[PDB]
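Below: one structure, written as structure tokens.
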Ligand SMILES: *[C@@H]1O[C@H](CO)[C@@H](O[C@@H]2O[C@H](CO)[C@@H](O[C@@H]3O[C@H](CO[C@H]4O[C@H](CO[C@H]5O[C@H](CO)[C@@H](O)[C@H](O)[C@@H]5O)[C@@H](O)[C@H](O[C@H]5O[C@H](CO)[C@@H](O)[C@H](O)[C@@H]5O)[C@@H]4O)[C@@H](O)[C@H](O[C@H]4O[C@H](CO)[C@@H](O)[C@H](O)[C@@H]4O[C@H]4O[C@H](CO)[C@@H](O)[C@H](O)[C@@H]4O)[C@@H]3O)[C@H](O)[C@H]2NC(C)=O)[C@H](O)[C@H]1NC(C)=O
Ligand SMILES: *[C@@H]1O[C@H](CO)[C@@H](O)[C@H](O)[C@H]1NC(C)=O
Ligand SMILES: *[C@@H]1O[C@H](CO)[C@@H](O)[C@H](O)[C@H]1NC(C)=O
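Residue numbers (this note's numbering), protein chains in the order written: chain H, 1 to 202; chain B, 1 to 221; chain D, 1 to 211; chain W, 1 to 113.
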């Protein structure tokens with residue numbers, strides 16, 4: 001049913017991103033597309049689940065390759081194009097079209113389910129660990145960062161601010177939550193997980 | 001007699017012996033398709049206590065089977081292994097060619113005993129028991145099936161499931177006592193207020209050693 | 001190849017108003033279109049398919065009609081959770097073309113920014129680079145003016161401003177102005193103030209001594 | 001004639017399963033010894049409720065059940081398959097059962113030339 005994605009990438013390198021399809025067989029009458037959105041949406045390519053008919057975008061003639069795998073039920077995408085403008089967020093999603101029990105009226109309908117999300121930063125900068133109280137998470141690279149309060153049990157009132165890139169290149173944000181003044185001192189702790197560097201902070 | 005549905009460019013319409021026009025064109029038998037749809041899409045009750053209320057035994061009626069080429073993915077299927085209290089079976093063995101329903105998510109494997117005042121078990125509401133591309137009117141012993149109906153149309157580390165074992169007492173009667181068999185020595189009671197995902201969370205904590213058979217009862221909040 | 005443009009780029013409306021988004025096409029298209037919604041910090045969702053049908057799990061207030069070259073999406077009785085970017089989509093042609101996502105903004109009565117100040121931490125000052133945080137929460141509109149007063153000195157160039165999007169439930173902004181400097185220029189001063197100039201009585205200033 | 005969804009609920013999305021009669025995979029894939037098992041012969045698919053089709057479909061099967069049930073009680077075939085081929089021939093008979101001409105609605109000929 002739902003889709004999850006896996007994925008910094010050095011220049012001229014192949015950004016290997018896989019789109020694993022959970023809760024459903026990958027081999028079917030559906031299509032599978034790749035979508036991205038540069039900061040300030042765009043269709044990348046389409047691969048037919050059945051018969052392996054891969055179709056791409058004119059602007060990406062010799063710069064995109066989409067492969068499928070039925071064993072692991074995943075879909076990989078390699079980007080050898082060192083365009084340096086592809087530093088955006090990517091997504092994968094299916095579109096069942098209008099398939100009346102094999103009879104394919106049109107194989108391009110609304111994309112029903114999408115992926116969880118995957119951020120890519122095409123840049124030449126070594127990945128540096130984060131640094132977390134007030135809790136402010138600053139001096140980290142690359143983005144993004146997931147901050148959870150009380151292991152996710154605290155969601156109301158919490159409002160994390162966007163990440164601003166310092167002059168030193170390292171990003172910096174702030175995460176502050178409003179709690180009753182009577183509860184201050186009676187516990188609380190911010191839980192952070194930086195998957196790019198694989199460094200948990202509590 | 002039997003109505004067919006010809007899909008016309010947006011949706012379907014019924015046209016049969018009385019209704020025919022030159023606009024429709026059937027150039028090959030591939031356009032004809034018999035579709036088997038599950039009863040889940042109609043909003044019927046899916047738990048074991050209510051599903052068994054729609055089945056009953058009856059003698060003197062010859063069973064009949066019909067083919068359906070394509071079917072819908074079923075979430076809750078049923079597999080009965082009922083035997084009479086003396087020890088004899090109640091349902092007939094699945095004949096050759098008939099196999100369990102292909103796509104199921106929660107296969108409710110009921111294993112109990114009942115009076116079985118009849119030869120075959122039919123559907124009280126008239127729905128069919130869906131099997132592997134075969135829609136029958138009875139229940140076959142130890143054979144996974146799904147309730148549903150059939151139509152006829154004219155057209156222009158992998159994915160798996162999980163079975164659920166049960167222990168019934170007095171199957172097919174107004175007085176029936178169902179039991180969830182989490183383990184051979186640890187079983188819990190059931191009711192219509194239990195969802196398939198809830199039972200999946202039971203083993204998640206039931207942990208399936210001289211306590212013997214233990215009957216349990218849940219009182220959630 | 002086939003081009004489609006969604007207009008207007010910017011759009012602001014109050015809760016309860018009816019929004020109308022248009023998406024023209026360069027080439028003719030059949031009754032096959034789609035509309036998508038993408039809330040901030042969330043993956044996109046399917047809102048409409050085939051230009052007329054609602055997706056699974058969509059409230060019955062996203063009305064979409066049109067055919068041929070000009071299509072239209074209508075949101076009756078806009079709500080606060082509808083704050084998102086809405087894009088266009090093509091069908092029955094290649095390549096699959098999108099449109100310029102129309103960013104939706106919500107209108108709310110002027111709110112008072114709850115100003116807070118957080119002096120640096122003992123761990124944040126041990127490395128040698130202390131940082132002060134001045135939080136503004138639940139104010140509308142986003143127009144604000146936050147300045148730092150470090151012992152009467154107007155701090156400039158060393159602050160990092162960051163405004164968030166309108167909250168999905170509160171429909172309001174939140175500003176986090178952070179002043180980052182070295183420990184050398186930090187210990188040389190005692191009081192760290194932060195004044196806020198907002199439309200909604202007088203500039204509020206929050207200070208903090210050595211403590 | 002149209003169809004009205006009289007069922008209590010309707011699942012607009014129809015996750016279906018069917019067989020690919022032309023899943024060739026030229027080489028050695030169609031051999032029963034080397035082919036799939038009884039479980040991997042299907043190919044799934046999804047059908048959105050476009051223009052009330054899926055809800056209008058779940059009612060057609062609930063209504064076909066009556067006429068289909070009487071048809072099964074009549075025949076003695078333990079397994080009935082000719083139902084599809086029955087309507088296939090009746091369609092030809094309805095249009096070519098007797099004589100024909102371009103004179104009325106019984107026959108379908110349009111010789112404009
Ligand atoms: C095609 O689709 C239609 C539409 O769904 C199907 O119609 C259904 O046909 C069956 C056939 O038997 C009927 O069974 C009888 O149902 C009544 C209950 O009906 C009331 O409740 C309905 C459901 O509400 C509950 O259940 C659902 C799902 O489980 C839940 O979601 C709900 O929350 C509830 O818990 C409800 O739909 C009915 O609606 C009424 O109003 C609408 C219009 O608003 C009408 O269309 C309906 O027809 C109806 O008037 C209604 O509120 C049971 O009480 C019956 O039980 C006994 O009596 C039956 C009739 O005699 C008998 O057949 C049973 O065997 C049973 O016998 C009992 O009584 C006997 C004495 O009379 C005793 O001798 C015996 O021992 C026993 O005690 C029965 O189960 C459905 O009601 C009917 N539903 C509808 C909506 O029409 C149709 O079946 C489908 N076709 C096929 C082939 O599947
Ligand atoms: C759908 O049917 C209408 C009926 O007039 C027709 O005009 C239209 O072209 C059809 N759509 C197709 C054939 O794609
Ligand atoms: C049930 O839970 C136990 C945990 O003790 C586990 O060993 C077993 O595999 C589980 N079985 C199922 C069917 O979930």
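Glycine included, every Cβ here is placed at the ideal spot set by N, Cα and C.
- In chain order, the residues positioned with their C-beta nearer than 5 Å to some heavy atom of ligand 1 are B:45, B:125, B:126, B:127, W:62, W:65.
- Per DSSP, residue 99 of chain B is not a residue of any alpha helix (DSSP H), being assigned neither H nor E.
- A Cβ-Cβ contact shorter than 8 Å links residue 5 of chain W with residue 58 of chain W.
- Separation of residue 146 of chain B and residue 35 of chain B (C-alpha to C-alpha, rounded to the nearest whole angstrom) is 14 Å.
- Cβ-Cβ separation between residue 18 of chain W and residue 102 of chain H: approximately 6 Å, consistent with a contact (criterion under 8 Å).
- Under the Cβ criterion (8 Å, minimum of three pairs), the stretch 51 to 70 of chain D does not count as touching the stretch 119 to 128 of chain H.
- In this structure, the CA atom of residue 11 of chain D is about 19 Å from the CA atom of residue 89 of chain D.
- For residue 19 of chain D and residue 102 of chain D, the gap between their C-alpha atoms comes out near 11 Å.
- Linking residue 153 of chain D to residue 189 of chain D through their CA atoms gives a straight-line distance of about 10 Å.
- The chain-ordered list of residues whose CB is nearer than 6 Å to some heavy atom of ligand 3 reads B:203, B:207, B:208.
- A check of alpha carbon separations from residue 156 of chain B across H:117, H:98, H:35, H:74 identifies H:98 as the nearest.
- Under the three-state reduction of DSSP, residue 33 of chain H is assigned to strand.
- Taking 7 Å as the cut-off, the C-beta of residue 53 of chain D does not count as close to any heavy atom of ligand 2.
- When DSSP states are grouped into helix, strand and coil, residue 132 of chain B belongs to the coil group.
- DSSP places residue 74 of chain H inside the beta strand (DSSP E), whose first and last residues are 74 to 78.
- Contact between the stretch 162 to 177 of chain B and the stretch 108 to 126 of chain B is established, with three or more Cβ pairs separated by less than 8 Å.
- Judged by beta-carbon spacing, residue 54 of chain D lies beyond the 8 Å limit of residue 36 of chain D, meaning their Cβ atoms are not closer than that value.
- Counting C-beta pairs closer than 8 Å gives fewer than three between the stretch 67 to 74 of chain B and the stretch 117 to 127 of chain B, which falls short of the contact rule.
- If you draw a straight line from the Cα of residue 177 of chain B to the Cα of residue 87 of chain D, it comes to about 55 Å.
- For residue 61 of chain W against residue 32 of chain B, the beta-carbon gap comes to about 15 Å, at or over 8 Å, which does not count as contact.
- A distance below 6 Å between beta-carbons, with the five flanking residues on each side excluded, links residue 55 of chain H to the following residues of its chain, in chain order: 46.
- Interface criterion not met: the Cβ of residue 149 of chain B is under 8 Å from no Cβ in chain H.
- Secondary structure of residue 123 of chain D (DSSP, three-state): helix.
- Residue environment: residue 108 of chain H is assigned as buried (16 or more neighbouring CB atoms within 10 Å of its CB, all protein chains considered).
- Under the three-state reduction of DSSP, residue 167 of chain D is assigned to coil, being neither helix nor strand.
- In the DSSP annotation of this structure, the continuous segment of the beta strand (DSSP E) that includes residue 49 of chain D starts and ends at 45 to 49.
- For residue 32 of chain D, the shortest C-beta to heavy atom distance toward ligand 2 is 7 Å or greater.
- Only exposed fits residue 104 of chain W, as fewer than 16 other CB atoms lie within 10 angstroms of its CB.
- The C-beta distance from residue 104 of chain D to residue 134 of chain D rounds to 29 Å, too long to fall under 8 Å, and the pair is not in contact.
- In the structure shown, residue 61 of chain W adopts helical secondary structure according to DSSP, grouped into three states.
- Between residue 179 of chain D and residue 158 of chain D, the beta carbon gap of about 6 Å places them in contact (Cβ cut-off 8 Å).
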